[PDB]
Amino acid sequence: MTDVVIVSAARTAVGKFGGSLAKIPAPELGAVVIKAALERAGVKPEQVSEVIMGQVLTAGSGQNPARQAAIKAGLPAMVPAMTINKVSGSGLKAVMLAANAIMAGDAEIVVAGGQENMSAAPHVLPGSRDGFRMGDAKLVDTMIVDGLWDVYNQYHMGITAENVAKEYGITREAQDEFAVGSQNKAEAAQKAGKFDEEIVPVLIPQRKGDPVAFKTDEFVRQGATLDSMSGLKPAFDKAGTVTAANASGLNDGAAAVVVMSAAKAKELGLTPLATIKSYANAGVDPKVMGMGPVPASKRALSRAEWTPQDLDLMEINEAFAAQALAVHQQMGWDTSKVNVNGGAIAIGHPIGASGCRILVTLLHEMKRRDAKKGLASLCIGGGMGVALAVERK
């Protein structure tokens, strides 16, 4: 059939919970990256066939957050858009959907990624429409129930990370060591300007002044040490191993890529960043959802006819050190090539955006080191994984 290529890539910086992006709605972050990614590609808004954006947390967001991002980015009304939710998989699954559509001949050019503002997620009042005839009622945190809580077992994602830690023998000390590594890798990449090219600024309005650009991954902890972690108390289970320091955060951000067939890029005179080599999803038991990247990455590698050793660089999302370590244990690949600029423990985890955020990061680093074969993969609440492989000439 047809090869799919990525012609451009952009992300916002990732905001801390209640931080610099907390008052900017997720679609407005999405618009920043859709607009930037098209500019970078040299593609006019009217040439876009569709926009697909992941967003998990949509309570009170208004009709179709992806359409809002597309319109706010300047795209004309003739360009249709769809919002998707595959939890942390969303941002990457959008690119997968774009590739399916191009391959099927349903679309020519697709802007795909994800957008999330966890800070702005509201509380919801279940049963409000009916009323509360007697007795107390509950205001439920949508960020938790819709973003972070397993339906089937009724406990937090952090408990799934405890389950994975026990199953694969991932100790508290190894978690913390992995977490310090991520922070120091991120600090080192940040301090050396390595995130400069991939980040586009978001202008934050200021009461009686000009807006200020936000363009730094403010969640990254500089000068992080093992000692600053090894004393912390477990966050989710009193006898447990997972802490605030060895899990990712609650974060805000967006990321997008522009996708088209290789034949279309050549028709337009565009040199692609990379070819999409393969992609795959996978399902696992919700109890061990952090393991999804294993069967997903294995399926993606098999579709690519690659081995884990053929890879030059990977981005494997760090929702929890416990799960990222188990994944590395089970894949057997070389971890000096994974998250070389740090991961989500340091950078943050805006759930519906991360899938494309890590792809953006992967592509920019590949180019910088002239890596030829890369993979991005993430675990997914409710027991899934997605993985996508890219190849450079």
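One-based numbering along the sequence shown.
- Look at the mean CA B-factor for 209 to 217 and for 92 to 100 in the entry; the higher one is 209 to 217.
- Higher mean CA temperature factor, per the PDB entry, when comparing 275 to 283 with 189 to 197: 189 to 197.
- Each of 114, 147, 231, 290 has a CA temperature factor in the record; the biggest one is found at 231.
- Within the selection 302, 160, 85, 142, the deposited Cα B-factor values reach their highest point at 302.
- For residue 6, the recorded CA temperature factor ranks within the lowest third of the chain's modelled residues.
- Among all modelled residues in its chain, residue 257 ranks in the lowest third by Cα B-factor.
- Sorting the modelled residues of the chain by their CA temperature factor places residue 70 in the lowest third.
- Annotation for residue 38: C-alpha temperature factor in the lowest third relative to the rest of the modelled chain, per the entry.
- Residue-level temperature factors show residue 61 in the lowest third of its chain, judged at the C-alpha atom.
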